[PDB]
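Colleague: Quick one: the structure is below, and I'll ask about it shortly.
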Amino acid sequence: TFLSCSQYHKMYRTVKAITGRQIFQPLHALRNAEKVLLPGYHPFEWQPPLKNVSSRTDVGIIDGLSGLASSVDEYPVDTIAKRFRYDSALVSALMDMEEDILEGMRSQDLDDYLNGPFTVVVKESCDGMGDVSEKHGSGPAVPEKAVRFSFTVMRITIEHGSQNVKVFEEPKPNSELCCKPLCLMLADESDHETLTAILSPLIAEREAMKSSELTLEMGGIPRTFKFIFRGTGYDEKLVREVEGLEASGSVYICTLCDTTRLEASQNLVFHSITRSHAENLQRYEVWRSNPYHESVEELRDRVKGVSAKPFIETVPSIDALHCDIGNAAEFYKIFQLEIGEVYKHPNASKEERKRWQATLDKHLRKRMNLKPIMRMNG
Amino acid sequence: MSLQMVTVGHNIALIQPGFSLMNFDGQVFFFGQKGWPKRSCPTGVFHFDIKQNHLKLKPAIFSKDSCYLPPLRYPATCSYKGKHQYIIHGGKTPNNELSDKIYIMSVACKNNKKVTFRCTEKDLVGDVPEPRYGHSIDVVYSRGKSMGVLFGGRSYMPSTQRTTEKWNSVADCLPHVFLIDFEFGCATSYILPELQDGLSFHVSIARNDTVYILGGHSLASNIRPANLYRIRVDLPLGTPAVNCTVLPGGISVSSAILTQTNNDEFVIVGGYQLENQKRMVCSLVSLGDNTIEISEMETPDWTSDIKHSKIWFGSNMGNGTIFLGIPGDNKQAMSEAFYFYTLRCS
Ligand SMILES: [Mg+2]
Ligand SMILES: [Zn+2]
């Protein structure tokens, strides 16, 4: 309900005085209840030593810069990054969903005592927040763009011998109530160097945890946990920047195939996914070294537009909204071209096409009663 | 000693603290842009032409047999004239990494107002130095032969003792002197008993037989050594010989800029005196046969924007010209976020 401490204490004391009994709780009880849920409270362990990672297990919020170089004689940067530790956040999420996974495994006709390993498929996401400034007046002082970095446990699976069975599935994966945040900072999405400097420790922790084994004591007995990370929560603007490809000016448009814009208009359906992180690193190394000593254009079309070095293994994906808006935007021009009788008119005029558009809009508004607009949506 | 404001073009966001200004036949080339090379300039080098107090950024392409390199935010450049070319070592990858490859940048063609570079890479063998930034490398001549003298700066923690909460923490490198032979890529380290701790963001001046180390900052003690160094080197036919001596006359300066005014006479500009206050005093060094004498200038007046700021950067333009940059004040909220000025050394 977005209740502050002072107002909550006022409500508590008012209800306690008007009722006599202590129905609500004091402030220290609420502080204990919120500290028992924050990351860095319950103990855990890892079967591998997890090199380059500390073994301390009572740490929570930390500075996201991870030992910055803010001295005056260094590259200037004005950001405030606060983050949780990856393993601590995962342990906290597991201790939170302990009851849910217990209920799920009880409903799935399984024993109350059953060790792991629990295959935990986790979704990864990252996106900015636009404008978060709170300046009432005094003109547009600063844009003050922010950015976050969050994860979401997608599913949990367990097996009984050889047969696997999905023991936990999220009801709403792409929702707001299941966004577990790792890091929060105030930096522009286009700011590459600061974003890399902030996200490098998290990527290191993730690649070190990819091949580890967590051991927890949540259900009174030792439970083992594995993890599988999938970075599918990246939009096009960020997946065309963190992967090394050009942002928008490249002829290559497919983030899965190496087909140019010209070849895409000819070959429609016959394609395949020919992109990965290792091949992108190889293409960047070839671009940097250039052992063949070729021209710039041929080297560019040989590296398929790779110019920057990728550092985050991403798994791109699309949604239905973009597909349907693209299909409708194409069909709109198809209707214009078929109503303008262009198959018999080789070269028309822009004013004639605008007249066609106006006539089609009026006919549609008169028959179907629809409001045309250039700004397209879903 | 005359301040002069310079107006910037449209691609002003490509300028970041710690760029590089190379000189070729009087023409200045800008290197070390911000981010990654876009579709306009796939290389990253530009012509830093300035007319009527207005600078332009015209891209420059490489040769067919060249090699594309990523931009660096704190490299080590030295004027190696043995034709004319430059040698870049160190730097900082835009992905917050440190590269330890030597890039040989030379001009292979210049006609019809168009230039052409032949940037190639060269590896190191033997006592290879760890990847680092902020260091300065020079070339010294002896017995008709040339040799590269490099003094280390600072770098990240070693992979063995590196953790997550200190993933970006850095420290000064080991105080060693490395001799790099560009004829075969052979590096050899040398230990000196007079060197106590590391040093970063210093000034390196050499006249054909000895590199002078002026100013600098030490991270281990968070202070600035006020003692200069005199590294007398010699390259005999057999084993090399290097000697270091301590002499009075140092200046507590860090991140200073060095340029040449007259023959064997350089000038130091304001860097950073203390970690909190701003340095404004500037000194000039005059060389002779073996001695060295320092002196100040006639306190050139600055503008209000420079005195009211806190940090800045810049470099030299070769022909006695210092190009510095002042960040825009957020209080005005109407600025290009980076002011730029120039100083006529004369
Ligand atoms: Mg987005
Ligand atoms: Zn495709």
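To be explicit about the labels: the chains of the structure tokens are called A, B, and onward in the order shown, and within each one the residues are counted from 1, while ligands get numbers from 1 in the order they are shown.
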Ligand 2: which residues are within 6 Å, counting only C-alpha atoms and all ligand atoms, as an MDAnalysis selection string?
Modeller: chainID A and resid 254 256:257
Colleague: Now that the selection is made, can you save its residues with N, CA and C atoms as a compact mmCIF listing (two decimals), in the first residue's frame?
Modeller:
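Contents of selection.txt, as written:
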# COMPACT_ATOMS: atom_id res chain seq x y z
N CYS A 254 18.60 -9.68 -39.82
CA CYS A 254 18.24 -10.84 -39.01
C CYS A 254 19.29 -11.08 -37.94
N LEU A 256 19.55 -13.75 -36.34
CA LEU A 256 19.79 -15.19 -36.33
C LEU A 256 20.48 -15.69 -37.58
N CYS A 257 20.18 -15.10 -38.74
CA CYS A 257 20.79 -15.47 -40.00
C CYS A 257 21.65 -14.32 -40.52
Colleague: Could you list the residues in chain A lying within 7 Å of chain B, using only C-alpha atoms, and format the result as a list in words?
Modeller: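 That gives the following set of residues: residues 52, 53, 54, 66, 67, 68, 69, 72, 73, 75, 141, 142, 192, 193, 196, 197, 201, 249, 288, 289, 290, 293, 294, 295 and 308 of chain A.
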Colleague: Would you write out those residues with N, CA and C atoms, as a CSV table (one decimal), in the first residue's frame?
Modeller:
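What landed in part_11.csv:
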chain,number,residue,atom,x,y,z
A,52,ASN,N,37.5,-16.9,-7.4
A,52,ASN,CA,37.2,-15.5,-7.7
A,52,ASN,C,35.9,-15.0,-7.0
A,53,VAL,N,35.4,-15.8,-6.1
A,53,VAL,CA,34.2,-15.5,-5.4
A,53,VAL,C,34.4,-15.7,-3.9
A,54,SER,N,34.0,-14.7,-3.1
A,54,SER,CA,34.2,-14.8,-1.7
A,54,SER,C,33.3,-15.8,-1.1
A,66,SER,N,32.0,-2.2,-7.7
A,66,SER,CA,32.9,-3.3,-7.4
A,66,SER,C,34.3,-2.8,-7.4
A,67,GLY,N,34.6,-1.8,-6.5
A,67,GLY,CA,35.9,-1.2,-6.3
A,67,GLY,C,36.3,-0.3,-7.5
A,68,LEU,N,35.6,0.8,-7.6
A,68,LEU,CA,35.8,1.7,-8.7
A,68,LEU,C,37.1,2.4,-8.6
A,69,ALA,N,37.4,3.2,-9.6
A,69,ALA,CA,38.6,4.0,-9.7
A,69,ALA,C,38.3,5.5,-9.7
A,72,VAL,N,40.7,11.3,-9.0
A,72,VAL,CA,40.6,12.5,-9.9
A,72,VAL,C,41.4,12.3,-11.1
A,73,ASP,N,42.5,11.5,-11.1
A,73,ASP,CA,43.4,11.3,-12.2
A,73,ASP,C,42.9,10.1,-13.1
A,75,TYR,N,39.5,8.2,-15.4
A,75,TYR,CA,38.3,8.5,-16.3
A,75,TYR,C,37.1,8.9,-15.4
A,141,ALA,N,16.6,20.5,-16.3
A,141,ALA,CA,18.0,20.5,-15.9
A,141,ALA,C,18.8,19.3,-16.4
A,142,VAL,N,18.4,18.1,-16.1
A,142,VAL,CA,19.1,16.9,-16.5
A,142,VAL,C,18.1,15.8,-16.9
A,192,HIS,N,28.4,2.8,-23.2
A,192,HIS,CA,28.9,1.4,-23.3
A,192,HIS,C,29.9,1.1,-22.3
A,193,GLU,N,30.8,2.0,-22.0
A,193,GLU,CA,31.9,1.7,-21.1
A,193,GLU,C,31.5,1.5,-19.7
A,196,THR,N,29.5,-1.7,-19.4
A,196,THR,CA,30.4,-2.9,-19.3
A,196,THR,C,31.1,-3.0,-18.0
A,197,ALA,N,31.6,-1.9,-17.5
A,197,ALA,CA,32.3,-1.9,-16.2
A,197,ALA,C,31.4,-2.3,-15.1
A,201,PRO,N,31.3,-7.8,-13.4
A,201,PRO,CA,31.3,-8.8,-12.3
A,201,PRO,C,30.1,-9.7,-12.3
A,249,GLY,N,22.3,0.8,-38.8
A,249,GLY,CA,22.7,1.1,-40.1
A,249,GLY,C,23.2,0.0,-40.9
A,288,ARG,N,39.5,-8.0,-36.3
A,288,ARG,CA,40.7,-7.3,-35.7
A,288,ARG,C,42.0,-7.6,-36.3
A,289,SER,N,42.2,-8.9,-36.6
A,289,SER,CA,43.5,-9.4,-37.1
A,289,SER,C,43.6,-9.1,-38.6
A,290,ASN,N,42.6,-9.5,-39.4
A,290,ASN,CA,42.5,-9.3,-40.8
A,290,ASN,C,43.8,-10.0,-41.4
A,293,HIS,N,44.3,-9.6,-45.6
A,293,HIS,CA,44.7,-8.3,-46.1
A,293,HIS,C,43.8,-7.9,-47.3
A,294,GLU,N,42.6,-7.7,-47.0
A,294,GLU,CA,41.6,-7.4,-48.0
A,294,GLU,C,41.1,-5.9,-47.7
A,295,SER,N,40.2,-5.5,-48.7
A,295,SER,CA,39.7,-4.1,-48.6
A,295,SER,C,38.7,-4.0,-47.4
A,308,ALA,N,32.1,-4.9,-33.0
A,308,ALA,CA,32.4,-4.8,-31.6
A,308,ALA,C,32.6,-6.2,-31.1
Colleague: How would you write, as a PDB file with C-alpha atoms, in the first residue's frame, the set of residues no farther than 6 Å from ligand 1 when counting only C-alpha atoms and all ligand atoms?
Modeller:
ATOM      1  CA  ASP A 127      16.206  -2.899 -19.809  1.00  0.00           C
ATOM      2  CA  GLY A 128      16.298   0.798 -19.001  1.00  0.00           C
ATOM      3  CA  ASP A 235      15.035  -6.009 -26.650  1.00  0.00           C
TER       4      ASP A 235
END
Colleague: Which residues, written as a PyMOL selection string, have at least one atom at most 12 Å from residue A:253, with only C-alpha atoms counted and residues fewer than 5 positions away on the same chain left out?
Modeller: chain A and resi 236+239-240+245-248+258-265+304-305
Colleague: Which polymer residues have any atom within 8 Å of an atom of residue B:265, counting only C-alpha atoms, with same-chain residues fewer than 3 positions away left out, as JSON, numbers by chain?
Modeller: {"B": [260, 261, 262, 284, 285, 286, 287]}
Colleague: To one decimal in Å, tell me the separation between atom CA of residue B:98 and atom CA of residue B:133.
Modeller: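 Computing the Euclidean distance for atom CA of residue B:98 and atom CA of residue B:133 yields 7.1 Å.
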Colleague: Could you pull out the strand (DSSP E) residues of stretch 59-206 of chain B, going by DSSP on the backbone, and write them as a PyMOL selection string?
Modeller: chain B and resi 59+75-80+85-90+102-111+114-117+120-122+125-126+136-142+145-151+154-156+170-172+176-181+186-191+203-206
Colleague: What separation in Å, quoted to one decimal, exists between atom CA of residue A:314 and atom CA of residue A:231?
Modeller: 5.1 Å
Colleague: Out of stretch 72-311 of chain A, which residues get helix (DSSP H, G or I) from DSSP, as an MDAnalysis selection string?
Modeller: chainID A and resid 86:96 98:107 192:209 236:239 261:266 277:289 296:302
